[PDB]
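What follows is one structure encoded as structure tokens, with my remarks underneath.
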Amino acid sequence: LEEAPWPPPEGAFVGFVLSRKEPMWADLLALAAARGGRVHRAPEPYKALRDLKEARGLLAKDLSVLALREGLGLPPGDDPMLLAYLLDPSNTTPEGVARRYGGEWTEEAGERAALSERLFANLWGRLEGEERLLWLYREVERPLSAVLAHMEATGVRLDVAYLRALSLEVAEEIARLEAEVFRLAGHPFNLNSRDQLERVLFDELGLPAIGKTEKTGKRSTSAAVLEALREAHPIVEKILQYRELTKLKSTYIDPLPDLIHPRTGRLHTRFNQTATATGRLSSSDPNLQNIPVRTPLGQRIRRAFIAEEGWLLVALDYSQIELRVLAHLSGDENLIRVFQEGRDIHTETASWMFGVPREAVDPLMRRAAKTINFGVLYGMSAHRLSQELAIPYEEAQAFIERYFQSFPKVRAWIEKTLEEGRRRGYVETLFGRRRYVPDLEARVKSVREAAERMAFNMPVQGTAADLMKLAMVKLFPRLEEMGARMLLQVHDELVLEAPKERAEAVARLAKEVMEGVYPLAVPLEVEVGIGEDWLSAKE
DNA sequence: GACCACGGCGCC
DNA sequence: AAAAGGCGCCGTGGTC
Ligand SMILES: O=C(CCCCCCCCCO)NCCCC#Cc1cn([C@H]2C[C@H](O)[C@@H](COP(=O)(O)OP(=O)(O)OP(=O)(O)O)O2)c(=O)[nH]c1=O
Ligand SMILES: [Mg+2]
Ligand SMILES: [Mg+2]
Ligand SMILES: [Mg+2]
Ligand SMILES: [Mg+2]
Ligand SMILES: [Mg+2]
Ligand SMILES: [Mg+2]
């Protein structure tokens, strides 16, 4: 390309280099643009940002997030990553996409701009005739990138002082647990080392091995194995308690307060748009899609996520979402009827599990039932189910039979999906998002059957993901108009922040947008809560 | 200081 | 651990 002075003309493709991967934390080291046989390199990258109308190119959203951080309204536009991801969701990195579709991801901005331009050309050509993938690009992925940029640049408020205090309390309880473990072992060792713990449990103490690890075949010390050993030795329960506390402390309580941004005073995640095999988003640096909520300490941590002074959090969560999607995809009359009548399969399963009437089912019990309901749907074994429920194998086997007997057209949809997947090489969501699964034709049964579970899960999980993405794209401009903010997405949940005076109105509108996004053969229902913290907003 | 593979585990 | 699926981050162990 012919070198030309900055600035580029409108429509140019951008290339940029960051000091680190996270756009909220990165220094913009270089900026360039390419169009019409020319490359334009910016002498001063930050000032040069002001010249662009949109970020068009590889990782466009990251540049937009940095621009928004700097107080510039620079929206992301075309991004070859999104085109590539729609063609094949194994396309997740610019290194891989570049190699596959015509170039090399280097560390120079001008080369990145040139690459973006030519990749766009080639990938756009590949989507010619792919009407359904093109619809996803234009109606979902491209506009969603703009929404995600705003979410990333906004961040969420965290009660740092509360977490710092919590750390000190948890540290004292961890000390009590570890001291007991070492007493019971008869000697100290590194309790954080599963290799050292394996030797203590299975060699030094008398305990029976229950299972083996996947890659290296060591005797497992997983929570599932320890659960099976609860009655065998007092050290086991102490280890389980130690694990719960150290997991929460090392992953959330200690690291999060150190990640507050100096300018915004908030915690900023990244929402990765080309990261999963099914079309789900992922969240990283830090992951805010796995904040604890199940246990009492986990709940205390979730309460640290709070609204800005004068604002409230609004949390919205699709009810039984993958079951509703399954009803639509499979067309099972019984399942469709369940949702037309307003029943709750999670509450029903929970009633059976704990042997209590539906009115007696508490939230933790219902959570337990969700694990069981989705476990069974996506192929859990009777053995595993029997162990997790602590019921005889025969009882677990029976539950699985009746589960599918109740909804007969589900297994037929699974078989049809797998057969088409074998022929075409891919399975697809309602909207035509594809996942390639070549191991459907594997000659090794365990491999093939694992592939089958991945394959029939994808249309369900992916359709639910598509629906949420479409809802975000529709909702965002409405929130902007009301002065509200979209903060987080957690798969089938959104967390918004609204001025107190408008929170009730925002909650109502968001619920309606989400429920009416793309009507199915069954109603979509959305549960909504409002609160000063994330935990209180979900109750 | 960094990378990796692994086991393990937090969420959906 | 066991025939649930989908993620990212932890510390360990080993290395570079
Ligand atoms: O926390 C637990 C275990 C509970 C404790 C175990 C027993 C304790 C008993 C104590 C008695 O005193 N389970 C986790 C629950 C959260 C979950 C989940 C999953 C979700 N999905 C998919 C399917 C689901 O539709 C979608 C969104 O998840 P949710 O929003 O949580 O589920 P939902 O939309 O189906 O139901 P809901 O929103 O109406 O609650 O993600 C899965 O595929 N697998 C899961 O395990
Ligand atoms: Mg839900
Ligand atoms: Mg949810
Ligand atoms: Mg209104
Ligand atoms: Mg190891
Ligand atoms: Mg792993
Ligand atoms: Mg699981």
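To find a chain, count down the sequence lines: A is the first, B the second, and so on, and within it residues start at 1. Computed from heavy atoms alone, side chains included, the values below leave out hydrogens, waters and symmetry copies.
The residue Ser283(A) sits close only to the backbone: its heavy atoms come under 4.0 Å of sugar-phosphate atoms, none of a base. Nucleic acid contact for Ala382(A): none, since no nucleic acid atom lies under 4.0 Å from a heavy atom of the residue. In this structure, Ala465(A) reaches neither bases nor backbone, as no heavy-atom distance under 4.0 Å exists between it and the strands shown.
Classified by interplanar angle (parallel below 30°, tilted 30° to 60°, perpendicular above 60°), the ring pair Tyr378(A)/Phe456(A) is tilted. Between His261(A) and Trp25(A), the ring planes lie tilted relative to each other; the angle falls in the 30° to 60° range.
Listed candidates were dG7(B), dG6(C), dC11(B). Nearest to the side chain of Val293(A) is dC11(B). Taking every side-chain heavy atom of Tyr378(A) into account, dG5(C) is the closest of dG5(C), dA2(C), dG8(C). With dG6(C), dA1(C), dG11(C) as the choices, the nucleotide that has an atom nearest any side-chain atom of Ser250(A) turns out to be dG11(C). Out of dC11(B), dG6(C), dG7(B), the shortest distance to the side chain of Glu214(A) is found at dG7(B). For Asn272(A), taking side-chain heavy atoms from C-beta onward, the closest of the listed nucleotides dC10(C), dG8(C), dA4(C) is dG8(C). Nearest to the side-chain atoms of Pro255(A) among the listed nucleotides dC10(C), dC9(B), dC11(B) stands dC10(C). Side-chain atoms of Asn287(A) lie closest to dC9(C) of the nucleotides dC10(C), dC9(C), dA1(C). In this structure, the nucleotide among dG8(C), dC6(B), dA1(C) sitting nearest to the side chain of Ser284(A) is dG8(C). Across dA2(C), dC7(C), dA4(C), the shortest atom-to-atom separation from the side chain of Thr371(A) is found for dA4(C). Distances from the side chain of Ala224(A) to the nucleotides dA1(C), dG6(C), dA3(C) place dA1(C) closest.
No more than 12 heavy-atom neighbours from other residues, nucleotides or ligands sit within 6.0 angstrom of CZ on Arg99(A). Residue-environment remark: CZ (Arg402(A)) exceeds the threshold of 12 foreign heavy atoms within 6.0 Å.
Nucleotide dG5(C) carries a north sugar pucker, as its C1'-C2'-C3'-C4' torsion angle is positive. Nucleotide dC7(C) carries a north-puckered sugar, as indicated by a positive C1'-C2'-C3'-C4' torsion. On the basis of its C1'-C2'-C3'-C4' angle being negative, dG11(C) carries a south sugar. Judged by the sign of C1'-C2'-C3'-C4', the furanose ring of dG10(B) adopts a north, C3'-endo-like conformation.
The shortest distance between the side-chain N/O atoms of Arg294(A) and the OP1/OP2 oxygens of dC11(B) is not below 4.0 Å. One finds a side-chain N or O of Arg435(A) lying less than 4.0 angstrom from the OP1 or OP2 phosphate oxygen of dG6(C). Under 4.0 angstrom from either OP1 or OP2 of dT12(C) there lies at least one side-chain N or O belonging to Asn190(A). Considering only side-chain N and O atoms, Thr221(A) lies nowhere under 4.0 angstrom from the phosphate OP1 or OP2 of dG7(B). A sub-4.0 Å separation between OP1 or OP2 of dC6(B) and a side-chain N or O of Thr216(A) is absent. In terms of phosphate contacts, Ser222(A) brings no side-chain nitrogen or oxygen within less than 4.0 Å of OP1 or OP2 of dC9(B).
Atom CD in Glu322(A) sits roughly 11 Å away from atom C1' in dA4(C) (whole-Å rounding). For the pair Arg243(A) CZ and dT12(C) P, the interatomic distance rounds to 12 Å; values are reported in whole Å.
Side-chain N/O atoms of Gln387(A) and base N/O atoms of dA1(C) include a donor-acceptor pair closer than 3.5 Å. In this model, a side-chain donor or acceptor of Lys247(A) finds a partner on the base of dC9(B) within 3.5 Å.
At a non-hydrogen distance threshold of 4.0 Å, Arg194(A), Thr213(A) from residues 192-213 of chain A come into contact with DNA chain B. Residues from residues 443-455 of chain A placing a heavy atom under 4.0 Å of any atom in DNA chain C, listed by number, are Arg453(A), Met454(A).
The line from CG of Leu487(A) to CG of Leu313(A) is 6.5 Å long, rounded to the nearest 0.5 Å. One distance of note links CD of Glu322(A) with NZ of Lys370(A); it measures 11.0 Å at 0.5 Å rounding. Taking CD of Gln241(A) as the reference point, atom CD of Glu180(A) lies at 10.5 Å (rounded to 0.5 Å). With rounding to the nearest 0.5 angstrom, the CG atom of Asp62(A) is 12.0 Å from the CE atom of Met24(A). The line from CZ of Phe339(A) to CG of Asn334(A) is 12.0 Å long, rounded to the nearest 0.5 Å.
Side-chain atoms of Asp88(A) come within 3.5 Å of backbone N or O of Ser90(A) as a donor-acceptor pair.
Comparing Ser220(A) and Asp285(A) by the nucleotide of DNA chain C that holds the closest heavy atom to each, the one mapping nearer the 5' end is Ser220(A).
Sorted by first and then second residue, the salt bridge (charged side-chain N to carboxylate O under 4.0 Å, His left out) pairs involving residues 197-218 of chain A (not counting sequence neighbours) are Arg194(A)-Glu198(A), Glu198(A)-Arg219(A), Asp203(A)-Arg219(A).
Rounded to whole Å, the separation between the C1' atoms of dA5(B) and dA4(C) comes to 24 Å.
Under a cutoff of 6.0 Å and an axis angle of 45°, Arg433(A) and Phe431(A) do not form a cation-pi pair.
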